[PDB]
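A lone chain, given as structure tokens: the form deposited in one PDB entry.
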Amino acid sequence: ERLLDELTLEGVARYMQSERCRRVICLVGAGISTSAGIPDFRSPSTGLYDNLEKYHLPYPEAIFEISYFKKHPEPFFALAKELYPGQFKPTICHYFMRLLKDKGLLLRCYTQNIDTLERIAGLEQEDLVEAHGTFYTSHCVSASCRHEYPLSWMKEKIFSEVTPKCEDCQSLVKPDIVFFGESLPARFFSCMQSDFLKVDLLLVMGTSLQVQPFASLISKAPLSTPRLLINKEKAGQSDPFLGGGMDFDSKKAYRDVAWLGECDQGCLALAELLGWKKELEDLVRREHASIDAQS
């Protein structure tokens, strides 16, 4: 009775092009941006926080915490300068999502990433749930002010090593990323409650589904909704020690498919099956050319 004729990428592609699949939700994480030269910011093994000792922190995790930021914002802003990407070129995976949008198939992209590449690739605010926030906008932290500043303004402050202060009230201005101690945006919960009633396919790309509540999203899909993981490692299965998890491989598997490899290569393989490879190549090459040519 299952919706996929077989538990393979080919089965997913046939399902996507059938009349049964009209609304796709993408859940994406750091694995979709590594080929753009942006390392994973939740990983202690990616060499982003190896030299925090210059910042003289009371403990290493203080730099992620909101109360420490509001008291001592300088370490965060110096780290932001050190980690600021040298270019923002979205990957094949980002542009595959733009094609889903262009084809009328994209219900929503939920991202754990803060790098803004989804927006550069042409996903609009309405299409996006930035579950961990984003650098795309920043706000004055004073509750009576909340003046919004664009990334161009925040970048200038970061690179000139001037602690960003609100022009209206002189309070700190903070990028709209979710620090430890802050709540996830209300938009995440609002959109989840509606979108998961409407989803025909979950495309899970570049996330190991380990950080909550973003990981628990997969259990919100209807039981029939196929779920395709494109990721370097299998993820989302039930923990044998702790315990709607992914079932790729048992005799009871019926809807979950794992494609294990680089996110770009998986999206390229899917686009090829769909007949979209030329469209995707042309889109990526033209957008990359435009980005390379920024003068």
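All residue numbers refer to positions in the sequence shown, first residue = 1.
There is another form of this protein, the form deposited with a partner chain bound, and it is not shown here; the text below is about that form.
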| query | finding |
| --- | --- |
| 4.5 Å heavy atom contact, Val162 to the partner chain in the deposited bound form | no |
| Exercise: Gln170 in contact with the partner chain in the deposited bound form, heavy atom 4.5 Å | no |
| Any non-hydrogen atom of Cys140 within 4.5 angstroms of the partner chain in the deposited bound form | no |
| Exercise: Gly181 in contact with the partner chain in the deposited bound form, heavy atom 4.5 Å | yes |
| Partner-proximal stretch of 140-148, 204-212, 120-128, 89-97 relative to the partner chain in the deposited bound form, 4.5 angstroms, heavy atom | 204-212 |
